[PDB]
Amino acid sequence: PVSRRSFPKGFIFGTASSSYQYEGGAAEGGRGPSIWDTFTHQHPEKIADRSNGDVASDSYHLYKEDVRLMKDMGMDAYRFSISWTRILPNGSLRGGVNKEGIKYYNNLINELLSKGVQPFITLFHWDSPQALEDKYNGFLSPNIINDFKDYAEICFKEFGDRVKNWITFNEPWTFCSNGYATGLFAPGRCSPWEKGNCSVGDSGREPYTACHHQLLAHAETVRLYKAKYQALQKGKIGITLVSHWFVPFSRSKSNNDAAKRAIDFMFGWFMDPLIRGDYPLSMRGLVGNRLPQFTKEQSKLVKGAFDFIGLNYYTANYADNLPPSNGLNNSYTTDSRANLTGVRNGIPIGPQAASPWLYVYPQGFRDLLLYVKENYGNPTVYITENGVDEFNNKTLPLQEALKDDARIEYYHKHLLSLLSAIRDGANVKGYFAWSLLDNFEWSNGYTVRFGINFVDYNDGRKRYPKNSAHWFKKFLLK
Ligand SMILES: [Zn+2]
């Protein structure tokens, strides 16, 4: 069949979570508001079930139970994120350090290590400080860089004696496209005609400005870590990027070039700068002056600025050539001149999960990993997220909700697909399942469940292992 035994010796298995989706205690322990507190409370129409992360999965109180669950599966590692506003309630150093917040993350870190689970920490998982949003529009201003740098530094000082694995940003693609092009995610900015129908924004500039600043904050932080912390702490620092796999809509060459543009715009947007020191040619060509430019100093800094790359994979799309549109309607969403669908002639590329955008296509996992090997020099890679969701359904009896054979099937195929890619050259060192628990799934609220364990939101946030948890327990033996 397949088990951890099939994978290289020393290969790491774990689960992933994020602060805002899991923690709750949104206003406890001195936590300041994030742009997602604001977004969920001020724009409930923009959340499927009009909900928020106030309580979420209550990991702020329940983290000991969480650790116990992952130890029982036999996980090696846990990827979680630190809430910026839990450490610095208004984003900046001069705003004050929150000692109760530090205490929380020490508690979790120590709990994890006491059970032999390695902590991998994400610094930014979208919960950007409201105070910095109000002050200078957050990631739209270059001031974000030094504030982020100071926040990372406090984390290295407080936790770096025990934490040896650091991720700066999680899926900057999703943050920038949904936060600034579609406006469907916090901070909910977009051009007035775009899907989010936002009161402020510019879908043709802001996504590029925000992500340019994320890259610079990342590289700056990497340099800081390598200069002051890596010698005496000996940890690794990286970044998490998401990519779909893009299948050409037909065998034509223009559709093959469309697929290439799709991956350049989603993935290369961040990979090209890190490997080659510049944005992809196609982006520079098609976007011109709306895409900011690295100085030579900055180009030098970003190139090679990582020890590993975290890769998130979920699904694949068909990529179809799009004619230009254009001139007044410029948006990041259409800038690639590619049309992405999950359906071709009424036939979905794979079976569709609870999330409309998620099609089950294990073949694409292999394809993406080999593409990274061949086009980017085969960098050290962790799979930082991979998973699937079922609907939250109030009518199902508990015992039925725990029967998640679709999830088992998803992981089985995807772990086989990952194995075959490793058996070819893929430089993959670990894998993290999204996610340990059902959680706040952003604009979908609690309408969907990604967890390997069930969370009863109506019964005190109780955790119940799903069938897939028992499956992982077997998969992870010895
Ligand atoms: Zn509680």
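The residue numbers of chain A are those assigned by Swiss-Prot, with the residues present covering 33-510 sequentially.
Backbone N, Cα and C atoms are what each Cβ position is placed from, and that goes for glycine too.
Database features, via Swiss-Prot:
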ACT_SITE  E203  active site, proton donor
ACT_SITE  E417  active site, nucleophile
BINDING   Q53, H157, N202, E203, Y346, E417, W466, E473, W474, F482  beta-D-glucoside binding site
DISULFID  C208-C243  disulfide bond
DISULFID  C222-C230  disulfide bond
CARBOHYD  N122  N-linked glycosylation site
CARBOHYD  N229  N-linked glycosylation site
CARBOHYD  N361  N-linked glycosylation site
CARBOHYD  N371  N-linked glycosylation site
CARBOHYD  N425  N-linked glycosylation site
Inset, instruction - With H, G and I counted as helix, E and B as strand and the rest as coil, say where DSSP puts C243 (disulfide bond). - result: helix
Inset, instruction - Could you say which of the disulfide-bonded residues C208, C230 has its Cβ with the most other Cβ atoms inside 10 Å? - result: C208
Inset, instruction - Could you list the residues of the same chain, at least six apart in sequence, whose Cβ is under 8 A from the Cβ of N361 (N-linked glycosylation site)? - result: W225
Inset, instruction - For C208 (disulfide bond) and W474 (beta-D-glucoside binding site), determine the Cα separation and express it in whole Å. - result: 15
Legend entry - Pairwise Cα distance maximum in Å, beta-D-glucoside-binding residues per record: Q53, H157, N202, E203, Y346, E417, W466, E473, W474, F482: 18
Inset, instruction - Measure from the Cα of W466 (beta-D-glucoside binding site) to the Cα of every one of the recorded positions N122, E203, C230, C243, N371, then give the nearest. - result: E203
Inset, instruction - Measure from the CA atom of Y346 (beta-D-glucoside binding site) to the CA atom of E417 (active site, nucleophile) and give the result in Å, rounded to a whole number. - result: 8
Legend entry - Conformational class of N202 (beta-D-glucoside binding site) under the three-state DSSP mapping: strand
Inset, instruction - Sorry to bug you, but what's the C-alpha spacing from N229 (N-linked glycosylation site) to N122 (N-linked glycosylation site), rounded to the closest Å? - result: 28
Inset, instruction - By CA-CA distance, flag whichever of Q53, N202, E203, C243, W474 among the recorded positions is nearest to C222 (disulfide bond). - result: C243
Inset, instruction - Count the Cβ atoms, other than its own, that fall within 10 Å of the Cβ of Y346 (beta-D-glucoside binding site), considering every protein chain shown. - result: 25
